[PDB]
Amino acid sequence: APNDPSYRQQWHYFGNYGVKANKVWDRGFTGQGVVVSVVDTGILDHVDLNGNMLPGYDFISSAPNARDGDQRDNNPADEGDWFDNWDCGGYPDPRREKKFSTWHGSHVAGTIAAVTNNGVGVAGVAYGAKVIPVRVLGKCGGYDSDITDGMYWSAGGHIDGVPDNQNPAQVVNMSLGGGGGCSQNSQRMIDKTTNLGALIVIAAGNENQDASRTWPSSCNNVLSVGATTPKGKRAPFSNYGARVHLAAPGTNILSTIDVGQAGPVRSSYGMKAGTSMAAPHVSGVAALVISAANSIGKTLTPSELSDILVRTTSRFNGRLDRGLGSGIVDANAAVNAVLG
């Protein structure tokens, strides 16, 4: 086992209805040589993250919502996405009044590749891999075009006025949403990204509805991830249906955060729930599978990788109330499939 003091609490890696990532670490595969992008709120300066992060980019076009004094820039630091007094609209709906900083991108990045076996904090699923933080979400979420520009650039796509990404990602984690079906432009950007050779892994969404009514799960060429509990059942918030392909642990997920309710104050660790936490389990397992395929000189297309991940899932706890794909992502079975 890795020596990280809080790894023992990360049931979602090793325990019942977890992803069996420990079995693959034991086999010697950790995501070595794989780049995963996290298209999210940005990144924290965090002792348990830094060593595994590569240069990213900040695609937030709104200077106000980015909280860093400018528009697009080369520092994807998460300044905090808190708001208060309906600063992001919606008055007088009490549900939209206020929120504390989520540190979402860092929590997600930690699930993929927290610095592991370093005697502090937590472990990550693909702790041999590296993450590129692609900041697209600020105070009031993100603009669609900022999200898809970032996604595309993260796979090695050229964006005008942005230096070319020197660390193209083979797995693109999008733990984000947006209401409604897939726009023609979004699909175009998604297809371009996939066809570069990158697997796009997305959170199914947290509105307890059919995923076909939300972006990006309504899009083609994305791997859509639902959220399960320690009980191996659907998390009550998880979007569902035919547009969900598989599931991963999505509640009581311990990862890297900051204690700050507004701006950053001190690096810490904390549990969260969301399909946003389930997606990085899948992205992490995808990186494990690529590292294994690399070891035998096997090329995997995103379609082939996606099929392995869906094909080899472990069983749900009996029966679900709504469809959540083929099963829970299983790193051990997935790697067994590629190594033959």
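Throughout, we count residues from 1 along the sequence that is shown.
Q: Check the entry's C-alpha temperature factors for 212 to 220 and 167 to 175, then say which stretch has the higher mean.
A: Averaged over C-alpha atoms, the B-factors run higher in 212 to 220.
Q: Which has the higher mean CA temperature factor in the PDB entry, 67 to 75 or 266 to 274?
A: Between 67 to 75 and 266 to 274, it is 67 to 75 that shows the higher mean C-alpha B-factor.
Q: Could you check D81, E207, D87, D258 and tell me which one carries the biggest Cα B-factor in the deposited entry?
A: Max CA B-factor in the entry, restricted to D81, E207, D87, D258: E207.
Q: From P230, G142, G156, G197, pick the one with the largest CA B-factor in the entry?
A: That would be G142.
Q: Relative to the other modelled residues in the chain, which third contains the C-alpha temperature factor of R322: lowest, middle or highest?
A: As the PDB entry reports it, the C-alpha B-factor of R322 lands in the highest third of its chain.
Q: Sorting the chain's modelled residues by C-alpha B-factor, tell me whether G128 ends up in the lowest, middle or highest third.
A: Lowest third - that is where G128 ends up once the chain's C-alpha B-factors are sorted.
Q: Among the modelled residues of its chain, does the C-alpha B-factor of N336 lie in the lowest, middle or highest third?
A: Answer is highest: the recorded C-alpha B-factor places it there.
Q: Looking at the C-alpha B-factor of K98, is it in the lowest, middle or highest third of its chain?
A: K98: CA B-factor falls in the highest third of its chain.
Q: Comparing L300 with the other modelled residues of its chain, is its CA B-factor in the lowest, middle or highest third?
A: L300: CA B-factor falls in the highest third of its chain.
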